[PDB]
Amino acid sequence: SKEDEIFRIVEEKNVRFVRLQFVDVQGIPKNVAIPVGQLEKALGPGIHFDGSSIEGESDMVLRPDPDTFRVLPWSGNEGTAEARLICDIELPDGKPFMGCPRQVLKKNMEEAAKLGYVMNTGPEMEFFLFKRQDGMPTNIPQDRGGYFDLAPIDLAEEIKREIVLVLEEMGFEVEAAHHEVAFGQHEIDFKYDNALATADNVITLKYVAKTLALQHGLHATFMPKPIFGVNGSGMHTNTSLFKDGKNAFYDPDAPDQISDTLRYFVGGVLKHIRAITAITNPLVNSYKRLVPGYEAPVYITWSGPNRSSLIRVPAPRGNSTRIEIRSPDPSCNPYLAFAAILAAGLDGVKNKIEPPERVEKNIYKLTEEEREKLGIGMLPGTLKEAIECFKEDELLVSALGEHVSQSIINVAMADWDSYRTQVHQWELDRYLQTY
Amino acid sequence: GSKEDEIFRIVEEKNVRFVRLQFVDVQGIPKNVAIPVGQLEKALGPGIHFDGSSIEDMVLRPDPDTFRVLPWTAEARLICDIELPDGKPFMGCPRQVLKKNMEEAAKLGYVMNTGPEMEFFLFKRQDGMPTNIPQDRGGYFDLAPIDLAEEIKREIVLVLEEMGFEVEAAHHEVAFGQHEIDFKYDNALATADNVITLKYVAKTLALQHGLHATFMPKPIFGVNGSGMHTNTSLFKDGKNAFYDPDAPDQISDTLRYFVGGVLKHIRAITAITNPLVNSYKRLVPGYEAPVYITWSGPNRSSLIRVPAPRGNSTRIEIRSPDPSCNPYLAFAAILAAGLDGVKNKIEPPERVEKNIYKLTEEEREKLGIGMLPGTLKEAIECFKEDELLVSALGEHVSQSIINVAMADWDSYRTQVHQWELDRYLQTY
Ligand SMILES: Nc1ncnc2c1ncn2[C@@H]1O[C@H](COP(=O)(O)OP(=O)(O)OP(=O)(O)O)[C@@H](O)[C@H]1O
Ligand SMILES: Nc1ncnc2c1ncn2[C@@H]1O[C@H](COP(=O)(O)OP(=O)(O)OP(=O)(O)O)[C@@H](O)[C@H]1O
Ligand SMILES: [Mg+2]
Ligand SMILES: [Mg+2]
Ligand SMILES: [Mg+2]
Numbered sequence: 003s004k005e006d007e008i009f010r011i012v013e014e015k016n017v018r019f020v021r022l023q024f025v026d027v028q029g030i031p032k033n034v035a036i037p038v039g040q041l042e043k044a045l046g047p048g049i050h051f052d053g054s055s056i057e058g064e065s066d067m068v069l070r071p072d073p074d075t076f077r078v079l080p081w082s083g084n085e086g087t088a089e090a091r092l093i094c095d096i097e098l099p100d101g102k103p104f105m106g107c108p109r110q111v112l113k114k115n116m117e118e119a120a121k122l123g124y125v126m127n128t129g130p131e132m133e134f135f136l137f138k139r140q141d142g143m144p145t146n147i148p149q150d151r152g153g154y155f156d157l158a159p160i161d162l163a164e165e166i167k168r169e170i171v172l173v174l175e176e177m178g179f180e181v182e183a184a185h186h187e188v189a190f191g192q193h194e195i196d197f198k199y200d201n202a203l204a205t206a207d208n209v210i211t212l213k214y215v216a217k218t219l220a221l222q223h224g225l226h227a228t229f230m231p232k233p234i235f236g237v238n239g240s241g242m243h244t245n246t247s248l249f250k251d252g253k254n255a256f257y258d259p260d261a262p263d264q265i266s267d268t269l270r271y272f273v274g275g276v277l278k279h280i281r282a283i284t285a286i287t288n289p290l291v292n293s294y295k296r297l298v299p300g301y302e303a304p305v306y307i308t309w310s311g312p313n314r315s316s317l318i319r320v321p322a323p324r325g326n327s328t329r330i331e332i333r334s335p336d337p338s339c340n341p342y343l344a345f346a347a348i349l350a351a352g353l354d355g356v357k358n359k360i361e362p363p364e365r366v367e368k369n370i371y372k373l374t375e376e377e378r379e380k381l382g383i384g385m386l387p388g389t390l391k392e393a394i395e396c397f398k399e400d401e402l403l404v405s406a407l408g409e410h411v412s413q414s415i416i417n418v419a420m421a422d423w424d425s426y427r428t429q430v431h432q433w434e435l436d437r438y439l440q441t442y
Numbered sequence: 002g003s004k005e006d007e008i009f010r011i012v013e014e015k016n017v018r019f020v021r022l023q024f025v026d027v028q029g030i031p032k033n034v035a036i037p038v039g040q041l042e043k044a045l046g047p048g049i050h051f052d053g054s055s056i057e066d067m068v069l070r071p072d073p074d075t076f077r078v079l080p081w087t088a089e090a091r092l093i094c095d096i097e098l099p100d101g102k103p104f105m106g107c108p109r110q111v112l113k114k115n116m117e118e119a120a121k122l123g124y125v126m127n128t129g130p131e132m133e134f135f136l137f138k139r140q141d142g143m144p145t146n147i148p149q150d151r152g153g154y155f156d157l158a159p160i161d162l163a164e165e166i167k168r169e170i171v172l173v174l175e176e177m178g179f180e181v182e183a184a185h186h187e188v189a190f191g192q193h194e195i196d197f198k199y200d201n202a203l204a205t206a207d208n209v210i211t212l213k214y215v216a217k218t219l220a221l222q223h224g225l226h227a228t229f230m231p232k233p234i235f236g237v238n239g240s241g242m243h244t245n246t247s248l249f250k251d252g253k254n255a256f257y258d259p260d261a262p263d264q265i266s267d268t269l270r271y272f273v274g275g276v277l278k279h280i281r282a283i284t285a286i287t288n289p290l291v292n293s294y295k296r297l298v299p300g301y302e303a304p305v306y307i308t309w310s311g312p313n314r315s316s317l318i319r320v321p322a323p324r325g326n327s328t329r330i331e332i333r334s335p336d337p338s339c340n341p342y343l344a345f346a347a348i349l350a351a352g353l354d355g356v357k358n359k360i361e362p363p364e365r366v367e368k369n370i371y372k373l374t375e376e377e378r379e380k381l382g383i384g385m386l387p388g389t390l391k392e393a394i395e396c397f398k399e400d401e402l403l404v405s406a407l408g409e410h411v412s413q414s415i416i417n418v419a420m421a422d423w424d425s426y427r428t429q430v431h432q433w434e435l436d437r438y439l440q441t442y
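Top to bottom, those sequences are chains B and C. When you line the first sequence up against the authors' numbering, it's residues 3 to 58, 64 to 442, in that order. When you line the second sequence up against the authors' numbering, it's residues 2 to 57, 66 to 81, 87 to 442, in that order.
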């Protein structure tokens, strides 16, 4: 069994401490550190803890996933190694805790598997590497590099090289990495995999990047818009659906070689996109990224590979047929982001929802007067606007569960009510002298 | 004319060498053309030419009744009306807008009297630049040495009295370094001229003492914000149209209809009376600023409050405006909405005597209690649809308000504030 193999790696690598990882409703990693003597208990009856943290009655159990056992490559003190285990949350009786984000994606994937569907995701993870002043993080870029720039213009080549190496040691396959448009911005794209593996790997990337950045006196951040006037970090999600082993989005006889299932999936996602934005763009800062002038999509449209739209259908066909949903940012909870896209996309397929016409023209160049005539909508401008749209979307509330949906609304409203009352420096700079 | 002869007599007496031809833009900011006293005869006669882009070729028409010597050789002031080169009045001038709305009210025998309570802050200056640090650590109705600004306030009131200004009283307000100067009531035009003069005088005397006076609605987070509570009454043929000794609470039907009209268009009026992005950081619960759309007697802090004094002192206190508003437009908007209430006989909602702030949301839902706009864009969208206020203020003024407010909102919306970095940078 897998448990035997885990104990074999423990003795071989001299593992002494194990981190029982899990994630709250906001995508923040949480854990319980246990000595290796308690590993047998963790894989058996499980370890008890207070699940108040998940919300961000109290007694809950951690159920480690044996497939996620990985040794942390940063060797601990004096040859003693550390290991991690991604855990599912269960109630004391044994039934799964429906408030756990990982359980939510698992449920939505099981409902898709009933209809022979399996969703594969391949995200493009953008992030910034900032300097640290007096031990505290800042928003000052480490390098003054631009798109696909090379060293010495790109100073973060060593750290990025270490990130990709550390990931490959943990059964991770990376496609390519490069410097992005903004100063100190970078991107690491990894290959497609099932939504659950992908979500686990997204959490691991953020953890690894932030850990290795601190080792070099830097701070890695996946914040959507840390600097005004420059490009913001996005999480473009390449998505494809696979029915009975074959790619359900490929039809060689249909026009553009795009199957009917793809058009319905796009139609479903675009129908609930205003509600999905509350999950995929969950911070108040996420809406400072959704502004015109940068690579981020703001208008609700879909097109081919020759236009920067919300959904893009790349040229590659065959097994690589897919859609690139470009609205999410890397601060979203990946477990809930993929669950929301899968539920909206499958409703598209089930109800045969036809998507709008493919806008191939440049949407920013088109006049606002013409957009209303075509029928082109806009994504929510504020977090409150997206939460109000999410609150009404009965499908996403049921797909994510009432517990998770309520927690998202409570956290977002608490942040919005605090942000809206604040007096920002822009207001003093604009009015104090004159008024 | 003899007002002109009177002006030249004061010139020779106080040895006045320069005259300021003051006027105001759509945003209530004072603008002026400095001319030597040799050109004063030309200003009072054919007028002085200037580029009209500032209000958002025109002539300045000084009002001889507004000639005042600046108490700080000697300098003098003249509030001017704007006209186009041919002679017709410029309908984009804020002072001309209030005059037009007052003339329309006068044709129906009505005259509006306003008495504002002007709140403001006095802040320290660091390296010749203004800050939001209170000069004093005082509180409501506080006395020296807790109130360190009693000498500046003393000078403000004094200087104002030297320019034909009657001040009712002055006191320290709730927040640190906040003060209030309430002056007697007068017709909407004289009051709006007086409001502009106060702001000019207070900011000038504050600089003389190395301080900075500001009429910003919410310069500091977590403390009280500055408001402009406007005491308003309507007069019909010399008598107070709001007093009826036989009616309940001794309030006339005209008061209830005027209140009904103001409350009907209050969401649109907020774009004029609360015109800055910062104005909506003041319209938050927990401070003396009204947020819910209600009207009540003197025992409750509501949007409209009907004080106990009766007879000729019958009035309503509209507490939603802030002192950063253009007074010429703020009074014109209130007069037009209030007169539509009187005209169309619009009944106001039931007076809410309970403490709204303590009431549950589900309760307010039953009472049908509305909320004021939460953002500047939200108020501008409501103002854009209010056909009455757009016609009352004129298409030129209404368009200019919308253009300046959306330019500010589109710049504010895209900005990344420090709060966001403090909240997300370390964790995400
Ligand atoms: N079928 C798919 N479903 C979801 N994502 C995909 C799919 N194919 C590729 N992607 C994602 O798109 C990115 C680039 O696509 P790519 O052109 O490399 O496809 P590929 O040539 O078949 O190689 P790979 O399968 O490793 O992505 C990758 O990071 C990957 O995660
Ligand atoms: N008819 C009115 N309309 C608007 N405001 C008024 C009116 N009467 C008084 N006020 C305001 O009330 C303040 C004084 O309060 P109060 O009304 O109790 O005294 P008053 O004797 O009735 O009026 P005043 O102080 O002007 O002589 C003044 O600053 C004035 O601006
Ligand atoms: Mg891309
Ligand atoms: Mg007060
Ligand atoms: Mg008051």
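Each residue gets a CB set at the ideal place from its N, CA and C atoms; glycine is no exception.
Look at residue 243(C): its beta carbon is less than 8 Å from one of the heavy atoms in ligand 4. Only residues of its own chain outside the window of five on either side were considered, and among them 320 have a CB closer than 6 Å to the CB of residue 311(C), listed in chain order.
In summary, residue 211(B) is buried, with 16 or more beta-carbon neighbours lying within 10 Å of its beta-carbon over all protein chains present. Along the stretch 218–291 of chain B, the beta strand (DSSP E) occurs as fully enclosed runs of 3 or more residues at 225–228, 242–250, listed in sequence order. Residue 388(C) and residue 294(C) have their C-alpha atoms roughly 6 Å apart.
Closest option to residue 329(B), judged by alpha-carbon separation, among 86(B), 365(B), 272(B): 272(B).
Annotation: residue 431(C) to residue 223(C) spans about 33 Å, alpha carbon to alpha carbon.
Going by beta carbons, residue 73(B) and residue 92(B) fall inside the 9 Å limit. Bounds of the beta strand (DSSP E) holding residue 185(B) are 181–186. For the pair residue 136(C) and residue 237(C), the Cα-to-Cα distance works out to about 14 Å. In chain order, 426, 429, 431 make up the part of chain B whose C-beta sits under 7 Å from the C-beta of residue 433(C).
Annotation for residue 442(C) indicates a beta carbon at 8 Å or more from all heavy atoms of ligand 2. Not flagged as an interface residue toward chain C: residue 141(B), since no C-beta distance is shorter than 9 Å.
Nearest to residue 24(C) by alpha-carbon distance, out of 116(C), 348(C), 231(C), 208(C), is 208(C). If you draw a straight line from the Cα of residue 190(B) to the Cα of residue 213(C), it comes to about 45 Å.
Taking 8 Å as the cut-off, one finds at least one heavy atom of ligand 4 near enough to the beta carbon of residue 188(C).
Runs of the alpha helix (DSSP H) spanning 4 or more residues and lying entirely within the stretch 334–405 of chain C occur at 341–358, 375–381, 390–399, in chain order. For a Cβ distance threshold of 7 Å, residue set 144 of chain C lies close to residue 440(B), ordered along the chain. If you check each beta-carbon in the stretch 328–354 of chain B against every beta-carbon of chain C, the ones closer than 7 Å belong to 338. From the beta-carbon of residue 295(B), the residues of chain C found nearer than 9 Å are 427, 428, 429, 430, 431, 434. DSSP places residue 426(B) in no beta strand (DSSP E) but in the uninterrupted alpha helix (DSSP H) bounded by 409–428.
Residue 229(C) has a beta carbon lying within less than 9 Å of a beta carbon in chain B.
The C-beta of residue 30(B) comes closer than 9 Å to at least one C-beta of chain C. For residue 265(C), same chain residues with a beta-carbon under 8 Å away, outside a window of 5 residues either side, are 256, 257, 258, 320, 328 in chain order. Judged by the Cβ position, residue 182(C) fails to qualify as a neighbour of ligand 4 at the 8 Å threshold, every heavy atom of the ligand being at least this far. The CB of residue 232(C) comes closer than 7 Å to the CB of 430 in chain B, given here in chain order. Of 308(B), 234(B), 206(B), 227(B), the smallest CA-CA separation from residue 163(B) is found for 227(B). Under the three-state reduction of DSSP output, residue 30(B) falls in the coil class, being neither helix nor strand. Contact of residue 298(C) with chain B by beta-carbon distance below 9 Å involves 427, 428.
Contact between residue 360(B) and residue 246(B) is absent: CB atoms are separated by about 16 Å, not below the 8 Å threshold. Along the length of the stretch 138–174 of chain B, whole beta strand (DSSP E) runs at least 3 residues long occupy 143–148, reported in chain order.
When Cβ-Cβ separations below 9 Å define contact, residue 226(B) makes contact with chain C. For residue 373(C), the nearest beta carbon of chain B is not closer than 9 Å to its own beta carbon. Setting aside the 5 residues that flank it on each side, residue 187(C) is surrounded in the same chain by 133, 154, 193, 194, 238, each with a C-beta closer than 7 Å to its C-beta; the list follows chain order. Note that the C-beta distance between residue 20(C) and residue 89(C) is below 9 Å. Nearest in C-alpha terms to residue 276(B), of all of 261(B), 411(B), 217(B), 344(B), is 344(B).
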